[PDB]
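Enquirer: Sequence first, structure after, both from an experimental entry:
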Amino acid sequence: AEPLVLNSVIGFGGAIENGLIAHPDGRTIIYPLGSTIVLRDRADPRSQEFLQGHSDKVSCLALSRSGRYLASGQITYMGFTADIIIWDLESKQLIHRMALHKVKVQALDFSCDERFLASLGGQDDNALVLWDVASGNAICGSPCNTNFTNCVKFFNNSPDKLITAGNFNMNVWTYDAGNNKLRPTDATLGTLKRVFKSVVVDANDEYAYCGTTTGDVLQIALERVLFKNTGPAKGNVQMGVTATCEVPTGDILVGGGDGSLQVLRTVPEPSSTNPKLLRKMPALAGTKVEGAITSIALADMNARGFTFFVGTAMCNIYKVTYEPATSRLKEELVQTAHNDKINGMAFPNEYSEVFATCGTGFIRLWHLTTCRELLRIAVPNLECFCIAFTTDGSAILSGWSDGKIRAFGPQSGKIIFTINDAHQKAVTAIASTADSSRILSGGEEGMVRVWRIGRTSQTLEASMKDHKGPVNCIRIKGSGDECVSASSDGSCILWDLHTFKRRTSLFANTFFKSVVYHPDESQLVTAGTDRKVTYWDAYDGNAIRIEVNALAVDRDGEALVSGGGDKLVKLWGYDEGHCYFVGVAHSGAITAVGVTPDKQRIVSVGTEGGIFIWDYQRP
Amino acid sequence: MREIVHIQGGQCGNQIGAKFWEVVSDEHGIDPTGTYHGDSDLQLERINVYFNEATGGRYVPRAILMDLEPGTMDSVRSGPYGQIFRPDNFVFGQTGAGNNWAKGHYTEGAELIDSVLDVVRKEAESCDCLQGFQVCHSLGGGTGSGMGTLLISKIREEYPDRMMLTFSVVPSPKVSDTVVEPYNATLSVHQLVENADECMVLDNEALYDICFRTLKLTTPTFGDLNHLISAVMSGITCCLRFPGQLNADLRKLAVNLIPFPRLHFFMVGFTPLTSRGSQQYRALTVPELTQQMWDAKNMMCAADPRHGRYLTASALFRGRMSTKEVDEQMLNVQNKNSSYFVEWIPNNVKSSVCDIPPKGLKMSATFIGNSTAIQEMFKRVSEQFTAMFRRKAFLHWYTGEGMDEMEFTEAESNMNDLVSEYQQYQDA
Amino acid sequence: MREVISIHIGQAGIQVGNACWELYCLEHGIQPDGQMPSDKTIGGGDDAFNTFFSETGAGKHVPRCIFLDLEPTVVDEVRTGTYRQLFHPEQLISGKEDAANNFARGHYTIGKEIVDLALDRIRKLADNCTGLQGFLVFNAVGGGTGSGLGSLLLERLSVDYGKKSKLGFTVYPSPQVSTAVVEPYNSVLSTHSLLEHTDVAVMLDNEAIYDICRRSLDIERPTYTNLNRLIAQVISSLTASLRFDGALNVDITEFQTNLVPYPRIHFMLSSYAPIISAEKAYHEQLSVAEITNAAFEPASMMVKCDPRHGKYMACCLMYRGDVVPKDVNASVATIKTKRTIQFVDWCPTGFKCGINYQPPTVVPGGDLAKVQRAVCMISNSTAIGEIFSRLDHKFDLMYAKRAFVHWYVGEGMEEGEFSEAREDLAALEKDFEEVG
Ligand SMILES: CC(=O)O[C@H]1C(=O)[C@@]2(C)[C@H]([C@H](OC(=O)c3ccccc3)[C@]3(O)C[C@H](OC(=O)[C@H](O)[C@@H](NC(=O)c4ccccc4)c4ccccc4)C(C)=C1C3(C)C)[C@]1(OC(C)=O)CO[C@@H]1C[C@@H]2O
Ligand SMILES: Nc1nc2c(ncn2[C@@H]2O[C@H](COP(=O)(O)OP(=O)(O)OP(=O)(O)O)[C@@H](O)[C@H]2O)c(=O)[nH]1
Ligand SMILES: Nc1nc2c(ncn2[C@@H]2O[C@H](COP(=O)(O)OP(=O)(O)O)[C@@H](O)[C@H]2O)c(=O)[nH]1
Ligand SMILES: [Mg+2]
């Protein structure tokens, strides 16, 4: 039926170099996700328009001038062609779907004339191809060389030449008119071996600027391609230049792989002491942002300066307003997004306004009405699993790939306790009692344990409940005292926990991912590899049997909401069993789903690195 | 355990292996990506017989592809399931074979054995319990006969205790796709007899009839013939792969089928086999499968069992059935055509069965037979060889690789000694 | 990887060298200017032409051939024709003076000065190949260059390589039609020195192909281009396995082992089918059965030799386009049922067949039609001795008179080479009778 309004989506494609784009003279920000492109309003941080036409993951993004259609590359599997896709604007649908570059797409760009679109093969199959836009067909093709190129750029004028740089090579290619060939001219630099990363061309094709892993910003002339000036004087960028762009005044924004964002005024200057010699590029303004800078786009405010949208590797979006009048550079943090593979969701009991997300680097906290994440409790190396709230409103439990559980609080302060060696390796599921007096931990090496917890003294008891495989999920009746442990063998086991004697329940047809009680009933709903949403009996039975990973229920058993390897979200009238109000466009293997108890909202989260919000209506 | 290492010699052997490794890849429910996507645990319990572990939950086939002129090895690499093979398991030489057994076994064979034998060993210790070898031949061509037997001799001197299977496809009596064919046939026979334990013989001719009449095929391509051989190649190892109320390892098939160290040339056929028409009428019953396999049509070898006498036999079913049915069926037949069997062997059949059926069907079977009618093929070949060796036709090629003529006398004498042995136990 | 070297000597050799090198560049899309569209990795097509070309540092494809001739007029024509941007002028060899239908002039006096140049280009060409399948010679017996230079070359090649295979398509002096008058001599002198140096030898004459274009194509104006147009079709059918796919691929080694029983007996015949115009193809189904019937027909042979007076020692059939091998097995059986077709006893076998999925390509403005099928046959039959014997009769008919011999002994020869080559003619002929 598909009525499900998409209220909010938080996410960002971090390490997609030059992935961030701003609509030229438009009100939209364009940036990629797991496998989609997102066009947000420039102002209203709700109006999103998503484009989903790729199969695996967007890899490169290019946008032609004049707000015209934009091209999107794609990564694919080992021996299957990539898929460049041209997406129209003013209609926001597909136009052409071109296929080459058997491994992945490395770089794309439009010419000043919107008629030519150049592509660059992956690590393997690295060749330079030209495409026509009217006919989605390849005009010209040629392999660059052994040292694989990295970035390519059309000239701002004369849309007939284009410069490309890579590992140990720079070239300028001109498209011949007599044939389907394009002739390269190599770059001549004096005994210099630089791994060029980013390349920009000035407005008038005078000088090409090129970043370097060493940290230099080599500016070269383009009439002849020879080299002119090295880079920033009074030092050197720390992690090498990664995200370079040009401000219309003739200066260059440079962002290294550490967060150093500075402005180099590049006008050929004579060396003061030695007149027949040039200086290096000075630095007008400088700042520090959080994380390696990967993408820079421009927005002409023209009142004082310019506002540049800066996407950093840490999935943060900054608004860097710089005015050269007083050489003042101020940054703002517009939007943040998680990094990758959000592992666990958590809702505080009887609270439908704030929630928490356990990811592969650390725990973040968000709230309902706005993204506006509250805090990020960081643990450097090892990743978190199965975040949990202690019942009735209490600490946050987090079991890590170390095999240790740790407790934090609201402000989360300092670690409440660390149950170390909680399992052999990689504790996987964690639950608490309704009295917050014991904590269940199901590890990845097929074991279940429980720890008794006092007020300030912890109790390490030796339950050692042996299970048949990794424990995907653990649930407990909030009404009484019981336990259910799922498995990567699907044999969901009912433990009594009064005697710890493994009430002999077993369910074996495949291996399961998520099990849920019916609220105040002897029923069960389990989800595993094969499409199975079977309703069980707590009295060793199966009421009914109807790739799925996550399940959730309402206050009462109204709407069982579900998701899995399929990129959809299925809502079910629990008692009736129909798939009403099905939602789409979650580009990746969805991992968890929540119901926001008090209100009617379904939060969905998957491995793509994003979070989605929907409403909730059941017949 | 019971891991099986696989070889694919010559073009045909390289080609039928593309199907056999495509059928089994589906029976166990893995993807051409190498990642398993079946449903049961039974696909994974004995998956080790045909595959190896790989990083990322991937399984790659334990196959070895040898061929001079690597042109065709591009085809299988471009096939839908060419992505699963280990590209270091692609041994080839650029110079052609010439359909000369000598250079395939004296000059060009010798230069690749060191590489191949390095490959075979690289995956012989990877087996916690190596059961045996298995090869895919074609006795007409130069690589298959030449390299395979030369490869076979090397295997025997280092793996004597293990068993060397051979899915050899023999030349045809009436048809000859090449001209020097009988030479490479006999010269290989002088090698198979002494360095092999079991050797099925199959021929394109009956493969054309079985395709033509029973399946009602119009245009039999090569893949279909190999599609058939892929089936009987999978029908053998159901006991090693799947459960069975009466399992049957290969080593117990050999001891149950060869009374003497040199009567080891077999004959095969598949069941059930029906077009899309009669499958809507025919029913799958134990009686159906046993009469079809016992017939003298389904024998893929171009031989007539009626002219001979079954020394031994066997049957490999698969599907949930009453084993008593199969018990009496083989007892009925052993009584009716009592002339086609031997006397000094009281019960000369082995009746195996497996509990797991084929993928889409529910029941199936496979026949094996060590009859003395197979000596008929060796009579034909021994004629053509002695006709041209009577005139030394095409012979300058063979002495052109250091070879001699005594070898042509020896190989023929052994063929005569062999066919004679199948006559002793043939008292009409 | 699988590459051959097509040599074209004499005038006819560089005449068919035009047609074949007109055919090849068309089947592969090779434009006359070396290159073709979608040449680079954008095309995604390799190995399809390496047998006949060498991609430059970028774009252009130079054909791997050699045009050799003493008459400057024809080689200078190709230098002027449309197909000049193809050939590197190191390939196109010429000389100030011709051989003028003398063997010594082609073998003893002039040939010795340019062969070294030829070998130097071959050595420049042999080193470019990774896997060399074999030499491919195009001779025209009956002239001074062909008999003189070709023979001298093959000696130089054998003492160079030996291990390499030699193959040659040579046009023989027809029994009835004869453009020259002294061709018996040089033909005799050619046959010998090629024999102990060539490994295989195909034979065919214009008079036979004169009937082919008459009976089948129904053209009344046959010229040298048409015959050469057919020879293009023949060899394209042979090399197809070297340069394409399809069931039962064949290479020269494979093809040669199962066609030459004895070191001396290697002279073979040829035939092509179907040979039809555009309209007959509309009134025809072209089943594999008829095409393989017209193949073994002694009318459709390309030489005026009757095989029904001898026995096929072996045969080789190269189909093309849409064929499935049951049909070959089907139709080849039908022939082996027939009676007019004989075989010598010691070979119960005799058929090395082959298929190729790539269709036969027609030339624009050409004469043949567009078909999905075709066959070319090559049979080594003992009936070939007859045309070998006619020349045996024309030699002594003149050598008795000692007519025209002063040219030869005057040009650095003697009478010995006549008698010496005379005995090899008889010696060969009896070998064609020993096999009975
Ligand atoms: C709906 C249905 O049942 O259709 C059948 C079917 O009708 C028939 C005609 C099938 C069908 O087979 C053929 O038509 C066929 C064509 C050429 C050569 C051989 C067979 C079938 O293709 C074959 C296929 O059989 C299998 O899949 C087997 O498990 C077989 N699998 C393969 O060969 C295979 C492998 C990879 C990819 C695709 C197929 C197998 C055999 C041994 C060991 C493991 C697997 C099935 C049941 C059917 C169809 C689809 C029509 C038959 O074959 C098999 C192997 O069962 C032909 O005689 C049987 C009788 C079946 O009734
Ligand atoms: N079928 C066919 N025969 C040709 C063709 N061109 C020439 N011939 C024949 O070639 C024979 C003469 O060949 P030449 O090349 O001139 O002889 P030569 O060895 O070069 O010696 P010179 O003529 O002195 O240069 C004649 O019998 C021609 O019929 C052709 O294009 N097709
Ligand atoms: N079942 C089957 N048999 C084939 C196939 N291709 C060839 N054969 C037979 O293989 C024989 C030739 O052996 P080949 O491998 O080509 O020569 P070799 O490379 O020197 O060993 C011929 O008799 C063919 O008929 C095929 O695709 N399927
Ligand atoms: Mg001439």
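Expert: Cool, got the structure. Numbering: from 1, shown residues only, chains lettered A, B, ... in the order given. Ligands and ions are numbered 1, 2, ... in the order given.
Enquirer: tell me which parts of chain C are close to ligand 2?
Expert: Residues of chain C lying near ligand 2 by Cβ under 6 Å from any ligand atom: C:10-12, C:15, C:70-71, C:98-101, C:140, C:142-147, C:171, C:179, C:206, C:224, C:227-228. Yep, even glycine has a C-beta here, placed from its N, CA and C like the rest.
Enquirer: Now restrict those residues to buried residues only.
Expert: Using 16 or more other Cβ atoms under 10 Å in any protein chain shown as the burial test, these include C:10-12, C:15, C:70-71, C:98-99, C:101, C:140, C:142-147, C:171, C:206, C:227-228 as buried.
Enquirer: now, which of these lie within helices?
Expert: Those of these mapping onto helices are C:10, C:11, C:12, C:15, C:144, C:145, C:206, C:227, C:228, per DSSP state H.
Enquirer: What residue in chain A comes nearest to ligand 4?
Expert: Nearest residue of chain A to ligand 4 (Cβ to the ion) works out as residue A:179 at 39.4 Å.
Enquirer: quick one, strands of the stretch 1-150 of chain B?
Expert: Along the stretch 1-150 of chain B, counting by DSSP state E, counting those that start in this stretch, strands occupy B:3-9, B:51-54, B:58-61, B:63-68, B:90-93, B:130-134.
Enquirer: number of nearby residues for residue C:214?
Expert: By other Cβ atoms under 10 Å in any protein chain shown, the residues close to residue C:214 number 12.
Enquirer: Spit out the contact partners of it.
Expert: Applying Cβ atoms under 8 Å, 6 or more residues apart in numbering or on different chains to residue C:214 gives the contacts C:220, C:222.
Enquirer: Distance of it relative to residue C:227?
Expert: 12 Å (Cβ to Cβ, to the nearest Å).
Enquirer: same question, residue C:197
Expert: With distances taken as Cβ to Cβ, residue C:197 is found 27 Å from residue C:227.
Enquirer: Next: residue A:227.
Expert: Counting by Cβ to Cβ, the gap from residue A:227 to residue C:227 is 64 Å.
Enquirer: same question, residue B:39
Expert: Distance, residue B:39 to residue C:227, using Cβ to Cβ: 67 Å.
Enquirer: same deal with residue C:51?
Expert: Distance, residue C:51 to residue C:227, by Cβ to Cβ: 24 Å.
Enquirer: if I pick residue A:428, what's in contact with it?
Expert: Contacts of residue A:428 (Cβ under 8 Å, 6+ apart): A:385, A:386, A:399, A:442, A:443, A:444, A:470, A:471, A:472.
Enquirer: Let's see that with 7 Å instead.
Expert: Residues near residue A:428 by Cβ atoms under 7 Å, 6 or more residues apart in numbering or on different chains: A:385, A:386, A:442, A:443, A:444, A:470, A:471, A:472.
Enquirer: okay if I get the residues you listed as a markdown table plus neighbour count?
Expert: Putting those into a markdown table (neighbours: other Cβ atoms under 10 Å in any protein chain shown) gives the following:
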| residue | neighbour count |
| --- | --- |
| A:385 | 21 |
| A:386 | 26 |
| A:442 | 29 |
| A:443 | 23 |
| A:444 | 20 |
| A:470 | 19 |
| A:471 | 29 |
| A:472 | 25 |
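Enquirer: Could I get the residues you listed in a markdown table, plus columns for secondary structure and distance to chain B?
Expert: A markdown table is the format used below for the contacts of residue A:428 (DSSP: H, G, I helix; E, B strand; the rest coil; distance: Cβ to the nearest Cβ, whole Å):
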| residue | secondary structure | distance to chain B |
| --- | --- | --- |
| A:385 | strand | 20 |
| A:386 | strand | 22 |
| A:442 | strand | 21 |
| A:443 | strand | 20 |
| A:444 | coil | 15 |
| A:470 | coil | 14 |
| A:471 | coil | 19 |
| A:472 | coil | 17 |
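Enquirer: which one of those is nearest residue C:315?
Expert: residue A:470 (67.5 Å; Cβ to Cβ).
Enquirer: part of a helix, is residue C:419?
Expert: Yes - looking at residue C:419 with DSSP: H, G, I helix; E, B strand; the rest coil, it is inside a helix.
Enquirer: Is residue B:243 in contact with residue B:355, as I believe?
Expert: Yes - counting by Cβ atoms under 7 Å, residue B:243 sits close enough to residue B:355 to count as a contact (4.4 Å).
Enquirer: Settle it for me: which of the two has more neighbours?
Expert: Counted by other Cβ under 10 Å, residue B:243 and residue B:355 do not tie: residue B:355 has more neighbours, with 16 against 13.
Enquirer: how about the more buried one, what does it touch?
Expert: B:242, B:243, B:244, B:245, B:320 are the contacts of residue B:355 under Cβ under 7 Å, 6+ apart.
Enquirer: Next up, the contacts around residue 345.
Expert: I'll assume chain A. Neighbouring residues of residue A:345 by Cβ under 7 Å, 6+ apart: A:355, A:357, A:592, A:594, A:603, A:605.
Enquirer: The chain in question should be chain C.
Expert: Neighbour list for residue C:345: residue B:387 [criterion: Cβ under 7 Å, 6+ apart].
Enquirer: That one is in what secondary structure piece?
Expert: According to DSSP states H and E, residue C:345 maps onto no helix or strand at all.
Enquirer: Against ligand 3, how distant is it?
Expert: Separation of residue C:345 from ligand 3 (Cβ to the nearest ligand atom, to the nearest Å): 23 Å.
Enquirer: The nearest residue to residue C:171 once chain neighbours are set aside and residue A:280: what is the separation?
Expert: Distances taken as Cβ to Cβ, 6 or more residues apart in numbering or on different chains place residue C:140 nearest to residue C:171, at 4.9 Å, with adjacent residues excluded. For residue C:140, the distance to residue A:280 equals 75 Å [Cβ to Cβ].
Enquirer: could you dump the strands of the stretch 1-150 of chain B to CSV with mean neighbour count and distance to ligand 4?
Expert: Listed next are the strands of the stretch 1-150 of chain B as CSV, based on neighbours: other Cβ atoms under 10 Å in any protein chain shown; distance: least, Cβ to the ion, whole Å:
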stretch, mean neighbour count, distance to ligand 4
strand B:3-9, 24, 52
strand B:51-54, 15, 67
strand B:58-61, 19, 61
strand B:63-68, 26, 43
strand B:90-93, 18, 43
strand B:130-134, 21, 62
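Enquirer: ok, residue 339 - how many residues close by?
Expert: All of this refers to chain A. Neighbour number of residue A:339 under other Cβ under 10 Å is 18.
Enquirer: ah, I was thinking of chain B
Expert: Counted with other Cβ under 10 Å, the neighbours of residue B:339 add up to 8.
Enquirer: go on, residue B:284?
Expert: Residues near residue B:284, counting by other Cβ under 10 Å, number 16.
Enquirer: now the closest residue to ligand 3 within the stretch 151-300 of chain A, nearest residue through space, not along the chain?
Expert: Residue nearest to ligand 3 within the stretch 151-300 of chain A: residue A:180 (39.1 Å; Cβ to the nearest ligand atom). Residue nearest to residue A:180 in three dimensions, not counting chain neighbours: residue A:140, with 5.0 Å by Cβ to Cβ, 6+ apart.
Enquirer: now residue A:298
Expert: Nearest-residue entry for residue A:298: residue A:308, 5.7 Å, with adjacent residues in sequence omitted and distances by Cβ to Cβ, 6+ apart.
Enquirer: now swap in residue A:407 and tell me
Expert: Here the residue nearest residue A:407, using Cβ to Cβ, 6+ apart, is residue A:416, at 3.5 Å.
Enquirer: my guess is that neighbour meets residue A:398, correct?
Expert: No - Residue A:416 lies out of contact with residue A:398 (Cβ under 7 Å); the separation is 10.6 Å.
Enquirer: Find residues that contact each of the two.
Expert: Common contacts of residue A:416 and residue A:398 (Cβ under 7 Å, 6+ apart): residue A:408.
Enquirer: Specify which residue of those two has the higher count of neighbours.
Expert: More crowded of residue A:416 and residue A:398, by other Cβ under 10 Å: residue A:398, with 28 against 18.
Enquirer: Distance check, the more buried one against residue A:338.
Expert: Residue A:398 sits 15 Å away from residue A:338, going by Cβ to Cβ.
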